[PDB]
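Chains as they are written, first to last, in my numbering: chain S, 6 to 34; chain C, 2 to 233; chain U, 11 to 316; chain Z, 213 to 607; chain D, 147 to 179; chain E, 3 to 226.
C-beta atoms are modelled at their ideal positions from N, C-alpha and C, and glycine is treated no differently.
Structure first, commentary second.
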Amino acid sequence: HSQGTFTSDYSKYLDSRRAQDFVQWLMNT
Amino acid sequence: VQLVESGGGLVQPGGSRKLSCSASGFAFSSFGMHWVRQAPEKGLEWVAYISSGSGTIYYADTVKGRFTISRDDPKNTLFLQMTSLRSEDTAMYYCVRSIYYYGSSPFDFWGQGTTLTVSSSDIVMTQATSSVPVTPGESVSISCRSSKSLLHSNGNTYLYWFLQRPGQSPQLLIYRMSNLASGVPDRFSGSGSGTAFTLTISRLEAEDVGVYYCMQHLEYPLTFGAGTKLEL
Amino acid sequence: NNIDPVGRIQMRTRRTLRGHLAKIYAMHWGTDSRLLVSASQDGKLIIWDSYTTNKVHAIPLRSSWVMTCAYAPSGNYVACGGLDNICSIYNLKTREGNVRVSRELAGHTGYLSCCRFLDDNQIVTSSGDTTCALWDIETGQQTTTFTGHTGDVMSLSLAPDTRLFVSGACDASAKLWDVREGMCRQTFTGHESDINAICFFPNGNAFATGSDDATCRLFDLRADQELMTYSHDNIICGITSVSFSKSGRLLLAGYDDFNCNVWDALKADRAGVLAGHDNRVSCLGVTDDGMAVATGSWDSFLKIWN
Amino acid sequence: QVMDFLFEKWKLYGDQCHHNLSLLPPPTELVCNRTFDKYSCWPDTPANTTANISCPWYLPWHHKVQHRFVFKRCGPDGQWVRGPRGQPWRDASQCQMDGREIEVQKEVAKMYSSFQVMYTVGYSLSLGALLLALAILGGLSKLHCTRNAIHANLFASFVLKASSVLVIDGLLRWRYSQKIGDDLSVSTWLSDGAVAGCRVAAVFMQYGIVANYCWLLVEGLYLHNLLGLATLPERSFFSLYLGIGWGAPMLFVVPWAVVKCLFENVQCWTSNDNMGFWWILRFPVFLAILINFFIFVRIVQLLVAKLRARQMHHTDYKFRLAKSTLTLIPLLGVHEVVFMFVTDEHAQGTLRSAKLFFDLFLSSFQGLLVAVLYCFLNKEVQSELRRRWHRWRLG
Amino acid sequence: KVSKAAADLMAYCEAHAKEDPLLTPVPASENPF
Amino acid sequence: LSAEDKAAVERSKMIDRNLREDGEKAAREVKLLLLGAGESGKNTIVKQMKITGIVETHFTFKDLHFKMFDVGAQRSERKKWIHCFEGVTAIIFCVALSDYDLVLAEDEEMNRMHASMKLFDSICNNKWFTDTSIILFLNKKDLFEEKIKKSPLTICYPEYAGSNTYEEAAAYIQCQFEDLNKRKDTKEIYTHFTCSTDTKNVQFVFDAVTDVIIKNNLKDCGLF
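Now the structure itself:
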């Protein structure tokens, strides 16, 4: 199974992108 | 050409019985089998029917739930097993052979009939007369009416005449209210509107003096009426 | 030829009588414009209800390669043809049962091509050994036997007055007969190759022989002359079935080019094209009134065109 | 699943030193604005100095950066420094995540933007060519031919595969390319919105690639019996195939859903932190290729048994017709070159970069081949359309 | 000569032309399919 | 709406269950034409089988039902009724190897192997048999075996110049018939030698036709 790994690493990544950008919202505001 | 029944006796109300209309003489598997019963003094009443190959299984609404019915096609019989017998079910049960295609004649050959002694929405049509006395050689016409226009849009009227010689099975006479069956002479004639119907019995003879009947065949269940007796 | 044209006639695939599982060799239209019988080749010719695509009767027949069928004018006798020569008449309106074979009319040495009922008792077969022979059904033997061609007869088309018919030989020749003296009346030539079907004029003065070189010819019965030729240089295949209209004005042929085409009684214009079949068409049918035309193509279907 | 952990860790941090506001003594010297500027909260007693307070513990990398101090200078008038717009200003650059972690993130974001345009051009090329090929399996009625009827129902197991992977792309663009300028917006974005669409499509996807991998098992088990290999049964007709093909993932996806919905409704049901709850749905697709590997190694033994009859033909076509079949067959035999052994337990490094490229590349385009091999490069639908073109040469 | 068979040719096809369900387009009620 | 022909469409679904049942049974059985010339020896193979126009011999062998529609002798042309046999699984031609010395007693001009080859190409080069795999039986093996010794066989073939050995000359005439197909890609012409002796040659036919339907299944899936 690949899209059950690729998307399960995409959203495992893309969650942690906004989690950094949540800190980038706490700074600079 | 031959139908035999069995399963009679004298049961108290609250008993059980397995009726058995055994079949022979024809290719039984490709026929429709009806189970018209007759009250011991009153008219006929449809009970149950199985299609060809155990297909569209029906029942009468008065026995809708109490009776079980099946057919053993390698044995060519009908299993009218009855449960919780009521005192209103005294009948000389008939077992009718029917067949449905274009230009067909259902209910053509009947069962011989065995009796059953128990101790102690609906489209309904009506008869015309309970008894008419005719001396033969008079060309009597009889009539019938209903409570629906039986002239469905494909162009044919679904009323089947009959005749019961007194004692034996109700032989069919005229199917689809305008077509002569096989075994009747070319002196009868049927006609009728959507609701009212008739039958012209011209030049009366011997032994065709029994009680007449009717049967609508537009929707199920099936009615018969009290039946016009013919007298002399 | 001062008669005005009739315009483009189109007819649509009004019905699809599927249910067959092999080719189809004959679809004779019944006596009352209502039921048709379709000659399969798997094992089973069946009779249809045309108005409501119902199959009233599955007849499993012995001679598994049928080549013609016929519905009697009394509506209760269907007779398969065959190539093993036993033109077995089947019974339909049977007391107490399904279906039965009545009389296996053996006695031909060729192969049955087009048997058509003269009435309920005289079946006029036409086989592939120069013998278009009358029969008697319950006797199970021939009554007369018509010779006078040279090759073999491939089709038969009965006259309306039940006095005569026309013989579809391989001889590029058509033969006039009688039914009450057994005599040659006339013999008409004009075609080049073998012919595959004839139909008859509804007034009984002509007959249209469908050849195999893409030409129909409307002959005569009283003037000793072919009248109108049918030709179009774009079309090249072989005719398989010819049928007139109720009036004899419209003409319905059926071709090997997977389609019909509709000519004229006089104008010979390719008016209609009843395409829509995969393999070639085999047989046609024009009713006793004219409300339907159905084809019998080898793709296991029948389509009724009105 | 780290930001919803952080968001409640933030509110747990939010009322942590908000409780420490209750234990504040009043000013005994120059007091500044004793506040909490949304990421750091101080006791606020400077002697015109900076802030020697710790960086907060609610970071996802908090133990990586723990023994460091965030600085915020208060002026001699009791006032902190500002920005150009007027924002509060601190020193969080020494407590940022280190630039190595941002650099390894920016390169793989190029990779995940490379793959997500790899299949999206592939599925859209397939789903455009399937619907043309699934049109001609209805429009010219060979529809009930059991070979065509099991190929027209494999064509409708790619459109349900391709569209349901494209939707879970587009429902990861709405859910992750929205600005977070409002603090109350992400208070409800974690649970409420157009979010149940990303729960129903995450099952619709994880159905539509188990309803496709078990559907190749049917096309395996149909060529198993049409060629007539061993233990051949009677009355194994395609109304059994519809139940073992379409419905067999419905014995797998709802056991996966209710073992997920009971346990974790994390952001779009797609993350797999515990593979044991994910081993349910990777079990039949590793099975329906293991069985379909057998029906490929059997069926290659059948054509090499046809080596003998080709003597009257040319001898340079025993290699051609053995490879013009063994490219024509892989509708089914295109997997199992990588993921038999590596199986997402330990496949990291450049291997997970490589495993999720090849299986992503073939499956994105194996719609397009099977739509054109088995529906345009056979001489029936050509010769039917070549007649229908000639039938349309007169209208 | 040649108009003897041409006479009864065009005599009959016009006399039954008014009752054709093939030449005359039948309306959608009297076409029972 | 379906007044009481609703039982009629119950029946017209019931025999449409049986037409699909017998139609799925009669497609599993293999239909195989056997066509022969006059006295070619087709009466021995039906005697080697198991079991007035055509005949039919529904024999069987090793879990497979066979049909065998012999032509017999229809006095009309083969240009007229041959359309019926399209879709036959594997036709069978039959010629006796011994049927080369005598001339045919119709005009006494063309030889029997010159007329049966003139009948072979009529059924290999015609429209309705472009993919029906012929399985021709070279018949009368042993009676030709004694025949070849006292015969130089120059009467039938003048162009052949070799020894009159059965393993050479009869193996030559096997390649003299099977090179008449202009499509050697779609018609896998098998051959065999059988006489009144050499029993159980339907073991070959059971393994020949089994190598036709797989070559007709693989050809229909595009594979071949």
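Residue i in three-state terms, based on DSSP
i: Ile-175 of chain E; result: helix
i: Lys-530 of chain Z; result: coil
i: residue 171 of chain Z; result: Since the first residue shown for chain Z is 213 and the last is 607, residue 171 of chain Z is missing from the structure and cannot be characterised.
i: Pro-461 of chain Z; result: helix
i: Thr-115 of chain C; result: strand
i: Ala-92 of chain C; result: strand
i: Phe-505 of chain Z; result: helix
i: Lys-142 of chain E; result: coil
i: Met-524 of chain Z; result: coil
i: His-38 of chain U; result: strand
i: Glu-476 of chain Z; result: coil
i: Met-115 of chain E; result: helix
i: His-436 of chain Z; result: helix
i: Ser-451 of chain Z; result: helix
i: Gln-151 of chain U; result: strand
Nearest to residue i (by Cα), restricted to the options the options
i: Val-333 of chain Z; options: Z:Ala-368, Z:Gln-418, Z:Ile-314, Z:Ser-375; result: Z:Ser-375
i: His-6 of chain S; options: Z:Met-417, Z:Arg-510, Z:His-279; result: Z:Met-417
i: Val-176 of chain U; options: U:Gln-152, U:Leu-128, U:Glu-202; result: U:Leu-128
i: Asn-12 of chain U; options: U:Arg-290, U:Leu-294, U:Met-37, U:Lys-277; result: U:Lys-277
i: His-60 of chain E; options: U:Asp-298, U:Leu-284, U:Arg-72, U:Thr-297; result: U:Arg-72
i: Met-70 of chain E; options: E:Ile-53, E:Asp-187, E:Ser-14; result: E:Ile-53
i: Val-296 of chain U; options: U:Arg-25, U:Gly-258, U:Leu-186; result: U:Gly-258
i: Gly-248 of chain U; options: U:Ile-205, U:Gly-286, U:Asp-59, U:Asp-299; result: U:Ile-205
i: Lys-230 of chain C; options: C:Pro-171, C:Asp-74, C:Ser-7, C:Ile-58; result: C:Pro-171
i: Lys-64 of chain E; options: E:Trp-130, E:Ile-94, E:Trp-83, E:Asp-209; result: E:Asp-209
i: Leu-200 of chain C; options: C:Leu-219, C:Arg-166, C:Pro-14, C:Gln-128; result: C:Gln-128
i: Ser-183 of chain U; options: U:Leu-55, U:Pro-170, U:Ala-218; result: U:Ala-218
i: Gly-340 of chain Z; options: Z:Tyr-419, Z:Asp-381, Z:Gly-351, Z:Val-371; result: Z:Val-371
i: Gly-579 of chain Z; options: Z:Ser-369, Z:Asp-528, Z:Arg-532, Z:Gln-328; result: Z:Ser-369
i: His-201 of chain U; options: U:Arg-195, U:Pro-212, U:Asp-181; result: U:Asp-181
i: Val-282 of chain Z; options: Z:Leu-271, Z:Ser-305, Z:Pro-288; result: Z:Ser-305
i: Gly-156 of chain C; options: C:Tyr-103, C:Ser-148, C:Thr-130, C:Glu-206; result: C:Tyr-103
i: residue 1 of chain C; options: C:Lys-76, C:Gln-165, C:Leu-205; result: In this structure chain C extends from 2 to 233, so residue 1 of chain C is not present and cannot be described.
i: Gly-40 of chain E; options: E:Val-90, E:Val-97, E:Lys-143; result: E:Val-97
Those residues which DSSP pairs with residue i across a bridge
i: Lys-230 of chain C; result: C:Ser-132
i: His-67 of chain E; result: E:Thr-62
i: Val-415 of chain Z; result: In DSSP, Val-415 of chain Z forms no bridge with anything.
i: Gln-169 of chain C; result: According to DSSP, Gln-169 of chain C bridges with nothing at all.
i: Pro-70 of chain U; result: U:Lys-54
i: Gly-264 of chain U; result: U:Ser-251, U:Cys-270
i: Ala-408 of chain Z; result: According to DSSP, which records beta bridges pairwise, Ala-408 of chain Z is partnered with nothing at all.
i: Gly-38 of chain E; result: E:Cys-96
Whole-number beta carbon distance between residue j and residue i, since they are thought to touch under 8 Å
i: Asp-162 of chain U; j: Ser-78 of chain E; result: 5 Å
i: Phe-198 of chain C; j: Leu-160 of chain C; result: 5 Å
i: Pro-167 of chain C; j: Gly-211 of chain C; result: 5 Å
i: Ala-143 of chain U; j: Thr-149 of chain U; result: Rounded, the Cβ-Cβ distance is 13 Å, inconsistent with contact.
May I ask you to verify whether the segment 128-144 of chain C touches the segment 29-38 of chain C, counting CB pairs closer than 8 Å and requiring at least 3? no
Flag this pair as touching only if the segment 395-407 of chain Z and the segment 428-442 of chain Z have three or more C-beta atom pairs under 8 Å; answer yes or no. No, the segment 395-407 of chain Z does not touch the segment 428-442 of chain Z.
Should the segment 212-224 of chain U be regarded as contacting the segment 235-246 of chain U, the criterion being three or more beta carbon pairs within less than 8 Å? Enough Cβ pairs lie closer than 8 Å, so yes.
Under 8 Å: do the segment 50-58 of chain C and the segment 9-16 of chain E share three or more Cβ pairs, one atom per stretch? Yes: the two stretches touch, three or more of their Cβ pairs being nearer than 8 Å.
Check whether the segment 350-367 of chain Z and the segment 423-433 of chain Z touch, using three or more Cβ-Cβ pairs below 8 Å as the test. yes
Quick test of the definition: if touching needs 3 or more C-beta pairs under 8 Å, does the segment 26-45 of chain U touch the segment 295-312 of chain U? Yes, the segment 26-45 of chain U is in contact with the segment 295-312 of chain U.
Assess, as a yes-or-no matter, whether the segment 496-513 of chain Z is touched by the segment 539-548 of chain Z under the definition of 3 or more beta carbon pairs within less than 8 Å. yes
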